[PDB]
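What follows is a set of notes on a single structure, which appears directly below.
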Amino acid sequence: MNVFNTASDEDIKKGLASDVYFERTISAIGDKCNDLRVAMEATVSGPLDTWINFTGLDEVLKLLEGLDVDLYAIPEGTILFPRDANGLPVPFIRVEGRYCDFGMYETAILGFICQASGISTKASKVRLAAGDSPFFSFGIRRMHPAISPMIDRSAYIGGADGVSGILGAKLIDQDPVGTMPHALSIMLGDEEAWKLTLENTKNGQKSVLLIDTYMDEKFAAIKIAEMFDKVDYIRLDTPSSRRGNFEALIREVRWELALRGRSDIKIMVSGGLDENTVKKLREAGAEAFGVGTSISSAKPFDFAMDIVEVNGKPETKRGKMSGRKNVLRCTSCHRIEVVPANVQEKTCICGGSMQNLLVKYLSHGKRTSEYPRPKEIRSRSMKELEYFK
Amino acid sequence: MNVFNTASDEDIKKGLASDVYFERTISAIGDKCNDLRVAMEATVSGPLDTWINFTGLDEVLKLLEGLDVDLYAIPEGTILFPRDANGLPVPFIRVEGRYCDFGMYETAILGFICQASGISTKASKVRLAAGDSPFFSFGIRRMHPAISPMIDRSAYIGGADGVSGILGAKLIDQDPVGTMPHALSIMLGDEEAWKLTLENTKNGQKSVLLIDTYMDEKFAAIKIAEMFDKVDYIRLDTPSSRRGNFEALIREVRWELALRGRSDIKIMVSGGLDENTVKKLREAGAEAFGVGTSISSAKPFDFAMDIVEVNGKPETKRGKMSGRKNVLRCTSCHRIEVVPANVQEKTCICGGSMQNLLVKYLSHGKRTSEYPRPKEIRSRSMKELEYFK
Amino acid sequence: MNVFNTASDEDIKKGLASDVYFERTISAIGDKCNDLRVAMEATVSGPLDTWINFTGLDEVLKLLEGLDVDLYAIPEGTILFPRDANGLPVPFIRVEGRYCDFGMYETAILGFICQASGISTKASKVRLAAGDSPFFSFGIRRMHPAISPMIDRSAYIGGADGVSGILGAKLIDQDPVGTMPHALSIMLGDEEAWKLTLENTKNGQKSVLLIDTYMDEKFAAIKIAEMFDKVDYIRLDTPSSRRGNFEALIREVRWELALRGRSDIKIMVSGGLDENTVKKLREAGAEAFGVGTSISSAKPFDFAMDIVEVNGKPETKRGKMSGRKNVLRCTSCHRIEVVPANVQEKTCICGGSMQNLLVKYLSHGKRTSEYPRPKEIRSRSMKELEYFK
Amino acid sequence: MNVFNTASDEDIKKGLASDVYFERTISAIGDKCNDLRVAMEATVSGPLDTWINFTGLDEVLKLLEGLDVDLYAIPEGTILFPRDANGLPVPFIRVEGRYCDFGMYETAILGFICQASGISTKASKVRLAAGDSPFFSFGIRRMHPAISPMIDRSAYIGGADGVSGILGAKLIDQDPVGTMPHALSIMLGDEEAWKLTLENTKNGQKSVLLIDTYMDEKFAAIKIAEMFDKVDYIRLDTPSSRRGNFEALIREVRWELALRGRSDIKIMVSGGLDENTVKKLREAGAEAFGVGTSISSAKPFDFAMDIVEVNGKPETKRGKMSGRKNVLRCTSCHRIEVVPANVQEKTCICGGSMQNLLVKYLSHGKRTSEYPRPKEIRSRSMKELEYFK
Amino acid sequence: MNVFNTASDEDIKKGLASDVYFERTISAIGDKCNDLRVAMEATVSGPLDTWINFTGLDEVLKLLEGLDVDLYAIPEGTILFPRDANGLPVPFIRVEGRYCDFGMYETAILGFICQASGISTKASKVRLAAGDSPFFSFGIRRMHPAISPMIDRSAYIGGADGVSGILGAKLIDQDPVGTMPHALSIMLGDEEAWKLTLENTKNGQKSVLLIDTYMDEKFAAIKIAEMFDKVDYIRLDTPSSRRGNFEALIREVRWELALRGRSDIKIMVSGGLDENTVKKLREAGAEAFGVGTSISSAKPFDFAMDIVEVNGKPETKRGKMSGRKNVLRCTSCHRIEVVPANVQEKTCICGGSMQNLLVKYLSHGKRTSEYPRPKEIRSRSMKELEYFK
């Protein structure tokens with residue numbers, strides 16, 4: 001109940017950010033509430049034709065922390081398929097406790113992991129495409145502002161070297177990234193715009209000049225070469241209508257510059273990019289990418305939360321597998337096997353043993369460890385993305 | 001800077017929910033700030049192969065209200081194509097003032113209208129498919145909770161008869177919608193679950209029994225017919241794996257019921273639906289629909305905000321059209337023509353005259369009128385969706 | 001001229017099962033009949049984008065046996081392409097004699113080999129898909145009863161481990177295969193149906209319980225696990241409408257059983273299967289398959305019979321190759337070369353020599369050997385199917 | 001147990017032409033047999049994207065006649081969709097009695113109607129394509145001889161003007177159709193072949209000369225025009241390899257003939273034809289067609305027989321609709337509605353009333369009427385095919 | 001035998017521009033030459049899925065004129081399908097005489113009509129797309145220069161309002177068309193280039209300024225508007241790489257101009273155009289088009305010349321129709337019927353009678369009339385193209 005159409009932290013914590021059928025069902029259950037102990041697991045119904053970079057668990061802990069519940073989960077940043085080596089649904093988080101004690105949080109738990117995971121996953125695919133070349137999350141504009149930080153966060157953990165949102169950058173503990181906008185060029189003109197941008201380019205930061213405002217990218221690049229010297233990057237955001245063959249243009253610009261002994265000037269591109277276009281543009285000569293919508297508005301995974309056990313006995317609905325389970329992964333070839341919770345480790349054909357991946361983060365509402373900061377998590381993600389090409 | 005990875009109203013209002021290049025550019029502009037008066041228009045770069053149901057303007061006013069700026073816009077709920085009758089980009093909102101006074105809000109303005117409009121638009125398409133049959137927004141779970149209300153809001157204005165989010169329902173001033181979950185059936189069993197659900201079904205509300213938890217939809221329907229009498233709806237959420245031919249199953253269930261003199265029991269469906277599946281299921285006999293992801297995670301429109309004038313003179317970048325403009329619509333056949341702002345009305349071939357559609361909502365930061373509540377807006381949308389089949 | 005619309009053995013033998021143009025042409029030829037000695041070869045016009053498992057020759061001998069004619073042929077069960085290594089049409093059977101003496105049998109000879117070969121061939125493809133897992137022919141129902149045995153026969157020789165037709169099973173000298181039908185479950189109910197089926201399951205035969213009649217496959221499997229112990233297979237015929245994701249369901253059922261220490265219970269599937277679905281279901285966990293229509297109604301090969309020689313001189317029509325020929329096959333890599341009948345063997349590049357494959361089965365109407373029983377033939381087929389993956 | 005791999009009428013009547021699970025289930029049921037009265041309906045699971053020309057019921061009566069059972073059915077020759085106006089499965093035959101009394105005939109009943117209906121239906125589609133031009137069934141060769149008559153029968157009832165099988169022709173009470181074969185031309189040569197064929201062309205029968213044996217169709221037609229006069233048809237069976245553009249060739253031949261004042265000679269075509277090719281060739285000038293495989297080997301409909309009632313109470317499996325039903329058809333626009341058996345007629349929006357279509361053919365095993373001969377049935381079919389273009 | 005690799009008029013006239021097999025066959029025929037009188041017709045084997053605008057006959061007369069031969073033909077500019085109303089090949093030219101007298105010209109006759117007709121036909125399709133807007137042939141560059149005039153000729157007759165080739169323009173008796181090239185802009189710069197172009201724009205000719213050399217089309221258009229006044233057209237040839245959305249750019253430019261009261265300036269486009277792109281660009285605002293390759297390099301029709309009669313008797317090869325014929329066309333609905341040459345007129349169902357279209361142009365080598373100049377012919381074409389949309 002604030003200014004904008006959002007739900008304050010207070011609200012989501014009180015369970016106001018949920019489907020009423022929950023408080024209504026809990027309520028209708030009444031006195032039986034106390035005698036209903038369950039274990040719910042979250043699995044991905046969503047896209048199964050792709051691996052996933054798990055993200056958003058941090059928020060789940062910030063929510064369940066305090067309730068009398070045990071919470072097991074796969075570490076954020078982990079990368080794996082939604083189905084194990086044998087097509088079994090893999091559980092990403094498991095919650096134990098009185099149904100009534102946390103049931104009203106089903107809506108928010110899913111929300112915290114669905115959208116976030118789609119984002120970090122898309123980022124990861126873009127990471128692979130970008131190679132040793134840097135790319136930054138720039139899409140918060142195409143989404144609601146209230147969540148601008150969780151997006152940059154996930155995008156960062158997914159592989160984005162930098163981020164343009166103030167709040168999000170603050171969240172990941174890095175300086176926001178950003179270059180001069182077309183606005184500056186329209187108000188002052190390229191000449192002044194560039195000059196202003198070069199003068200106000202501070203610290204160990206690389207200078208970048210937007211050149212597609214008034215003139216043709218090609219001649220803008222020549223003019224820039226013969227007018228300013230210390231310029232690290234040239235950025236092209238070229239309007240859809242002008243983008244006949246972006247790849248071709250990139251080569252034209254790079255040739256023009258080298259011919260004038262300015263091959264030292266690197267080329268950056270932005271606007272309407274994804275794994276595909278980023279890979280092709282890089283192969284054409286781009287060394288920096290600004291990725292927006294494709295990441296920030298990445299379709300969410302379809303996570304579902306289901307009671308998988310009642311008062312110690314395996315119980316589920318149609319389409320789900322009853323019983324509490326663990327997720328074993330080969331410390332090598334990264335083969336995964338979903339097994340009943342009474343099986344901790346196993347022998348994986350490839351490099352030794354299979355150890356459980358589903359870690360316990362909350363015991364009786366108490367954090368069982370200190371939660372990693374974004375940098376650490378993405379550091380993990382990057383190691384993990386190594387196994388997928 | 002709160003508990004979850006979100007941006008408080010305080011934050012977005014201070015301009016903390018934005019790309020730093022803005023505060024950095026404004027700043028680099030310095031003293032010139034005062035002498036830079038501009039007019040920016042927001043147009044849709046996004047999908048042009050579809051009309052759009054504009055939404056999220058309310059939030060924009062809540063943000064710009066107070067700054068020395070004039071704001072013109074198309075009323076939320078309005079339905080039209082992103083390109084006018086002649087392929088000209090239509091401006092949805094226009095802002096006038098000192099660039100520095102509001103420039104840092106570019107990120108949030110877009111965010112407030114991009115995602116929201118995609119949502120209400122998708123809802124609208126589902127509305128057309130649903131016909132005189134009701135459908136409800138149930139997808140906040142598949143998205144981040146912090147925005148659960150703006151989603152239900154837009155989904156409602158787009159055509160959704162009801163909504164399941166507590167906060168969102170509160171926002172639109174309606175009771176949240178909701179039926180018994182599989183959870184209840186798994187914990188207590190159908191028999192008790194149904195009984196509990198029928199007893200706790202209050203007020204002028206229709207009873208609805210979830211029947212796909214344990215048994216086959218078909219026999220669950222027969223059993224229900226011969227065990228309880230006052231039951232308004234039977235809900236089928238049938239697991240993907242079981243959904244061989246949902247349409248066929250719907251007929252089976254309806255025939256089985258009629259044969260036992262219970263054709264009075266209506267059928268409701270939910271889970272993985274959109275315009276297409278909702279139209280086919282309705283034709284098969286469904287009279288109520290619960291729509292989730294397809295709406296709540298609807299891809300955002302790619303709105304772009306561009307300076308279209310500087311200190312009274314038409315000025316823009318490549319790919320945009322300079323000058324302030326008005327959006328005229330035929331009070332009849334609904335033909336639209338984007339024209340220069342010095343043209344208020346015109347003669348439209350079809351039913352009389354073309355009147356401006358772009359209304360002025362803020363004058364010097366002051367609201368020029370009282371803002372419609374959700375119900376009113378959707379009431380407008382529905383009239384407007386009438387013109388599109 | 002019997003009860004049903006079929007042709008008795010008496011009839012086909014008298015030449016009543018044929019196109020009249022034959023008896024009419026023979027007749028119109030008159031006295032010249034005696035001086036018309038020809039050699040006709042049967043080749044496949046039909047699908048050339050697939051190999052074929054020859055079948056139905058046995059019936060041809062039962063027909064031509066007794067007439068003054070020499071008959072050469074490729075052994076049933078042989079597997080090869082319709083075109084040799086050089087795209088030459090391969091002759092499967094060759095008949096020598098007075099045109100008038102056997103000409104009226106052209107219709108029945110083709111019929112005996114066209115449909116049968118399509119059947120055994122389809123079975124063979126299913127055999128490859130089934131792997132070391134058993135599958136049975138169950139499709140006679142989808143075809144005319146009068147031929148129910150020749151179908152099971154061919155299906156068996158093609159690779160089917162068992163067969164459900166009484167007559168056909170008798171023909172191949174094996175016990176018919178069969179499990180309890182939905183009918184039993186509908187009349188008595190699962191509980192009694194299963195019990196009855198387990199009690200009446202005799203000899204060294206595996207018990208199999210149909211579980212998709214009333215309840216969900218998943219819970220039917222659990223219930224069965226906790227009610228009966230000595231149950232070899234669980235059969236799922238799941239109705240199209242319920243078969244959302246058969247593969248997924250198979251895993252659900254297998255997991256549910258293993259969790260309850262009943263992974264000893266094997267899973268069998270049936271209904272609407274072919275090479276494709278059988279391969280995917282097996283990979284999902286199925287160890288037994290019941291295949292119907294796809295085999296029993298397999299499209300027939302388009303065999304054509306053509307006079308390839310008249311009174312010792314090479315003679316044919318357009319589209320055919322004149323002269324009597326032999327079909328040489330490499331005793332190794334199985335390369336085939338159609339050559340003129342005066343070439344018995346040759347040197348095949350790969351493993352030694354190429355020996356003739358076209359054997360003489362009838363000399364002056366007299367069988368030149370004892371004809372193999374079905375078991376022997378399929379034993380040959382299986383060796384031969386080994387060369388095709 | 002006869003010479004060929006077929007099942008004698010004696011056999012199918014004793015129930016030897018069936019899946020053993022039947023006699024085994026009946027048997028296992030024992031004494032309960034007497035107290036098990038059921039009603040089974042046959043519906044089409046098969047292709048639902050096409051109407052069907054029902055055929056093969058005659059054989060079903062010849063089988064059930066004598067048993068204490070009531071049999072209702074839709075008249076052979078009737079043409080309708082497998083799903084009624086509301087997507088409800090339409091029952092083609094219904095059988096009432098003690099399950100044990102007729103259960104073992106499930107296999108043969110389906111077989112008698114599955115394959116036959118596919119055949120007559122395909123014929124019907126070819127009928128529509130052929131227009132006022134005649135076409136004949138010539139495909140028994142591509143199928144097993146034992147069933148050669150039931151094929152010609154169904155093909156005839158489906159719309160075929162004539163038939164080439166001796167037995168089948170006898171069955172429908174018409175003279176077999178037939179023209180001179182390539183064999184005659186290869187043995188004697190065109191010149192003699194034609195002469196022989198013209199001389200032995202008797203009664204009110206049209207002469208037809210096969211011309212694609214040795215020479216080019218074009219010149220064969222010219223030669224024929226200038227050598228013989230009374231020749232009704234010229235037949236072209238042109239070998240696949242020679243059939244570059246059959247339609248073009250047809251025009252060439254027709255032009256060549258007209259130029260030589262012999263446009264009186266009609267053109268007939270044969271070999272590898274179906275609805276499509278027959279329609280295109282007719283439009284090119286063909287006035288007679290010989291259709292084979294496409295009809296005789298037409299894929300069978302997937303009919304399924306299911307107990308729909310036990311001892312007076314509605315009972316079925318998943319995927320089926322319980323209760324006995326009638327099939328009402330509008331005596332006008334031919335709209336169909338499946339309704340519960342206690343509803344005989346109804347009011348159809350279009351031309352008056354909807355009368356039941358499911359007639360009772362057997363009462364206590366006794367025929368309730370005289371069964372139509374093929375000619376009558378096809379006479380009905382043709383009236384009925386009128387409603388489908 | 002001249003400088004370039006071409007064949008002088010002298011050469012083609014001596015029969016040096018042909019396949020040797022001709023002079024070699026004529027020669028081998030020897031004395032029989034005198035007694036070999038034939039009639040050859042030219043028909044289109046080529047694309048039959050399109051009508052054709054006949055062209056190049058003029059050249060055929062210039063070649064056969066003088067030989068003792070009669071030549072009948074369809075007038076250039078005539079538009080019709082290669083197959084008549086009944087799929088009969090339509091003869092475009094017919095030649096009568098001693099085979100040896102003109103046989104060596106088969107190669108050149110085809111060449112004169114094949115390529116030319118493809119060109120004029122493609123032009124015609126572009127004409128339809130261009131509407132009341134002018135388009136000019138500009139593609140001779142993409143083809144060999146020796147034929148530059150016959151291309152412009154055919155392109156003109158096909159519908160092109162103007163032509164850029166000097167020789168070709170001279171041939172059609174019109175002034176060549178042409179605008180300033182990028183070359184001028186690169187050497188002098190836009191400013192000077194435009195000025196020079198406006199000053200040297202003479203007579204009743206419209207001024208046109210190429211604007212895509214250095215700057216963005218958009219700003220080039222604004223700059224031009226505010227610097228020069230009397231400028232009829234602005235031409236955009238926009239480089240593939242820059243042509244992101246040509247249609248969008250066209251609107252941008254037109255809006256920019258109108259906003260500055262210069263909507264009087266028309267827009268012209270060129271480079272890589274055909275029916276499709278010309279229709280879409282016109283709908284976007286283009287009023288002038290320069291079409292190149294698509295027309296000048298239009299695939300040639302596959303005309304074939306065949307002896308259709310020898311010494312008065314109908315004679316041909318396989319795939320052709322013997323006898324001399326006339327081509328009748330309905331003076332109304334333009335239905336065409338190929339009929340034997342002894343049929344001059346006929347009754348056409350639609351508007352009266354069908355008159356012969358195949359006119360006699362040469363009698364004994366003597367022109368039977370004065371040949372139309374290009375303007376007249378295209379005047380005819382345009383009337384005729386009216387009947388095809």
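Starting from 1 in every chain, residues are counted up; chains themselves are A, B, ... following the order of the structure tokens, and ligands are numbered from 1 as listed.
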Per-residue DSSP, region 131-343 of chain E, filtered to strand (DSSP E), as a VMD selection string: chain E and resid 135 to 137 162 to 163 208 to 210 233 to 236 266 to 270 288 to 291 303 to 310 313 to 314 325 to 330 336 to 340
Let me see the file: selected residues, C-alpha atoms, as a short mmCIF file (atom, residue, chain, number, x, y, z; two decimals), in the first residue's frame.
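Full text of result20.cif as output:
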data_model
loop_
_atom_site.label_atom_id
_atom_site.label_comp_id
_atom_site.auth_asym_id
_atom_site.auth_seq_id
_atom_site.Cartn_x
_atom_site.Cartn_y
_atom_site.Cartn_z
CA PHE E 135 10.02 3.91 -63.49
CA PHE E 136 13.08 3.70 -65.73
CA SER E 137 15.29 0.95 -67.08
CA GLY E 162 12.16 6.00 -69.70
CA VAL E 163 15.56 4.51 -70.31
CA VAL E 208 16.92 15.26 -59.03
CA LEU E 209 19.53 15.28 -56.24
CA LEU E 210 21.35 12.12 -55.11
CA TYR E 233 13.08 14.95 -56.76
CA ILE E 234 15.32 13.61 -54.05
CA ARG E 235 16.87 10.26 -54.96
CA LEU E 236 17.80 7.55 -52.48
CA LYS E 266 9.06 14.18 -54.41
CA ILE E 267 11.00 11.08 -53.48
CA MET E 268 12.68 8.73 -55.92
CA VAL E 269 14.36 5.39 -55.17
CA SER E 270 16.76 3.09 -56.99
CA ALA E 288 9.76 7.44 -59.06
CA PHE E 289 11.78 4.25 -59.49
CA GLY E 290 15.02 3.27 -61.14
CA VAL E 291 15.00 -0.45 -61.86
CA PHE E 303 11.49 -20.95 -76.47
CA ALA E 304 11.91 -23.98 -78.69
CA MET E 305 11.56 -24.15 -82.46
CA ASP E 306 10.14 -27.30 -83.99
CA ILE E 307 9.30 -28.60 -87.43
CA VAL E 308 5.55 -29.08 -87.22
CA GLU E 309 4.98 -30.07 -90.86
CA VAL E 310 6.87 -31.62 -93.77
CA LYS E 313 1.88 -33.35 -93.97
CA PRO E 314 1.61 -32.91 -90.17
CA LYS E 325 -1.93 -23.79 -86.26
CA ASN E 326 -3.51 -20.41 -85.61
CA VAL E 327 -3.93 -18.66 -82.27
CA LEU E 328 -7.45 -17.37 -81.74
CA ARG E 329 -8.18 -14.80 -79.04
CA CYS E 330 -11.54 -13.59 -77.80
CA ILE E 336 -7.13 -18.07 -76.18
CA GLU E 337 -7.55 -21.24 -78.22
CA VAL E 338 -4.88 -22.89 -80.33
CA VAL E 339 -6.56 -24.40 -83.37
CA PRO E 340 -5.50 -26.07 -86.65
#
Identify all chain D residues at most 9 Å from chain B by counting only C-alpha atoms; ligands do not count. Present them as a PyMOL selection string. chain D and resi 86-88+314+318-323+340
Could you give me, as a PDB file with C-alpha atoms, in the first residue's frame, the residues within 12 Å of region 23-37 of chain D, counting only C-alpha atoms and dropping anything in the same chain fewer than 4 positions from it?
ATOM      1  CA  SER C 164      -2.011 -62.530 -30.088  1.00  0.00           C
ATOM      2  CA  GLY C 165      -4.045 -64.215 -32.799  1.00  0.00           C
ATOM      3  CA  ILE C 166      -5.103 -67.810 -32.064  1.00  0.00           C
ATOM      4  CA  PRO C 176      -0.808 -66.911 -28.368  1.00  0.00           C
ATOM      5  CA  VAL C 177       0.092 -63.914 -26.228  1.00  0.00           C
ATOM      6  CA  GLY C 178      -2.451 -61.916 -24.280  1.00  0.00           C
ATOM      7  CA  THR C 179      -3.222 -59.899 -21.181  1.00  0.00           C
ATOM      8  CA  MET C 180      -6.402 -58.927 -19.320  1.00  0.00           C
ATOM      9  CA  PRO C 181      -8.584 -56.396 -21.245  1.00  0.00           C
ATOM     10  CA  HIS C 182     -10.262 -53.177 -20.067  1.00  0.00           C
ATOM     11  CA  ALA C 183     -13.530 -55.064 -20.488  1.00  0.00           C
ATOM     12  CA  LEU C 184     -12.743 -57.207 -17.456  1.00  0.00           C
ATOM     13  CA  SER C 185     -11.983 -54.137 -15.387  1.00  0.00           C
ATOM     14  CA  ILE C 186     -15.171 -52.361 -16.442  1.00  0.00           C
ATOM     15  CA  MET C 187     -17.356 -55.376 -15.638  1.00  0.00           C
ATOM     16  CA  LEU C 188     -15.750 -56.368 -12.330  1.00  0.00           C
ATOM     17  CA  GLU C 192     -11.468 -58.076  -8.711  1.00  0.00           C
ATOM     18  CA  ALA C 193     -10.092 -57.838 -12.250  1.00  0.00           C
ATOM     19  CA  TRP C 194      -6.505 -57.878 -11.070  1.00  0.00           C
ATOM     20  CA  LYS C 195      -7.129 -60.693  -8.576  1.00  0.00           C
ATOM     21  CA  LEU C 196      -8.854 -62.784 -11.240  1.00  0.00           C
ATOM     22  CA  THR C 197      -6.001 -62.112 -13.679  1.00  0.00           C
ATOM     23  CA  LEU C 198      -3.311 -63.069 -11.184  1.00  0.00           C
ATOM     24  CA  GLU C 199      -5.080 -66.291 -10.236  1.00  0.00           C
ATOM     25  CA  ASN C 200      -5.732 -67.341 -13.820  1.00  0.00           C
ATOM     26  CA  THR C 201      -2.176 -66.563 -14.925  1.00  0.00           C
ATOM     27  CA  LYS C 202      -0.846 -70.050 -15.684  1.00  0.00           C
TER      28      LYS C 202
ATOM     29  CA  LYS D  14     -16.038 -70.468 -34.029  1.00  0.00           C
ATOM     30  CA  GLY D  15     -14.117 -67.475 -32.690  1.00  0.00           C
ATOM     31  CA  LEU D  16     -10.761 -68.849 -33.803  1.00  0.00           C
ATOM     32  CA  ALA D  17     -10.019 -65.588 -35.583  1.00  0.00           C
ATOM     33  CA  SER D  18      -9.432 -63.600 -32.395  1.00  0.00           C
ATOM     34  CA  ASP D  19      -7.078 -62.550 -29.606  1.00  0.00           C
ATOM     35  CA  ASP D  68     -28.771 -64.160 -28.312  1.00  0.00           C
ATOM     36  CA  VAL D  69     -27.821 -60.534 -29.023  1.00  0.00           C
ATOM     37  CA  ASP D  70     -29.478 -57.322 -30.204  1.00  0.00           C
ATOM     38  CA  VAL D  95     -24.306 -54.880 -29.535  1.00  0.00           C
ATOM     39  CA  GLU D  96     -26.389 -56.052 -26.591  1.00  0.00           C
ATOM     40  CA  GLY D  97     -26.156 -59.388 -24.772  1.00  0.00           C
ATOM     41  CA  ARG D  98     -24.184 -61.556 -22.352  1.00  0.00           C
ATOM     42  CA  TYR D  99     -20.556 -60.501 -22.620  1.00  0.00           C
ATOM     43  CA  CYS D 100     -19.474 -64.141 -22.803  1.00  0.00           C
ATOM     44  CA  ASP D 101     -21.919 -64.916 -25.619  1.00  0.00           C
ATOM     45  CA  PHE D 102     -20.196 -62.649 -28.172  1.00  0.00           C
ATOM     46  CA  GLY D 103     -17.089 -61.169 -26.559  1.00  0.00           C
ATOM     47  CA  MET D 104     -14.740 -63.421 -28.523  1.00  0.00           C
ATOM     48  CA  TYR D 105     -15.991 -61.755 -31.709  1.00  0.00           C
ATOM     49  CA  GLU D 106     -14.610 -58.309 -30.865  1.00  0.00           C
ATOM     50  CA  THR D 107     -11.552 -58.963 -33.073  1.00  0.00           C
ATOM     51  CA  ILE D 307     -18.519 -51.803 -23.145  1.00  0.00           C
ATOM     52  CA  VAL D 308     -20.694 -48.754 -22.587  1.00  0.00           C
ATOM     53  CA  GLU D 309     -23.131 -50.337 -20.128  1.00  0.00           C
ATOM     54  CA  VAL D 310     -23.287 -53.180 -17.609  1.00  0.00           C
ATOM     55  CA  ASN D 311     -26.541 -54.764 -16.443  1.00  0.00           C
ATOM     56  CA  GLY D 312     -28.481 -51.633 -17.310  1.00  0.00           C
ATOM     57  CA  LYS D 313     -26.104 -49.146 -15.677  1.00  0.00           C
ATOM     58  CA  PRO D 314     -23.911 -46.709 -17.660  1.00  0.00           C
ATOM     59  CA  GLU D 315     -20.303 -47.919 -17.381  1.00  0.00           C
TER      60      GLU D 315
END
Just the residues within 9 Å of residue 75 (chain D), please, counting only C-alpha atoms, with nothing from its chain fewer than 6 positions along; format it as a PyMOL selection string. chain D and resi 54-55+57+92+357-359+377
Hey, what's within 10 Å of residue 361 (chain B) if we count only C-alpha atoms and toss same-chain stuff fewer than 2 positions away? As number ranges by chain, please? B: 57-58, 61, 65, 70-75, 93, 358-359, 363, 365-371
Write out as a PDB file with C-alpha atoms, in the first residue's frame the residues lying within 7 Å of residue 121 (chain C), counting only C-alpha atoms and excluding same-chain residues fewer than 2 positions away.
ATOM      1  CA  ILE C  52      12.392 -54.884 -47.528  1.00  0.00           C
ATOM      2  CA  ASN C  53      11.946 -58.055 -45.522  1.00  0.00           C
ATOM      3  CA  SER C 117       6.217 -58.053 -47.166  1.00  0.00           C
ATOM      4  CA  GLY C 118       4.984 -54.667 -45.989  1.00  0.00           C
ATOM      5  CA  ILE C 119       3.930 -56.290 -42.744  1.00  0.00           C
ATOM      6  CA  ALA C 123       7.758 -55.448 -37.961  1.00  0.00           C
ATOM      7  CA  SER C 124      11.478 -55.474 -38.684  1.00  0.00           C
ATOM      8  CA  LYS C 125      11.756 -51.736 -38.193  1.00  0.00           C
ATOM      9  CA  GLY C 158       9.719 -59.742 -39.136  1.00  0.00           C
TER      10      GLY C 158
END
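Proximity of A:11, A:191, A:49, A:152 to residue 174 (chain A), computed with only C-alpha atoms, is greatest for A:152.
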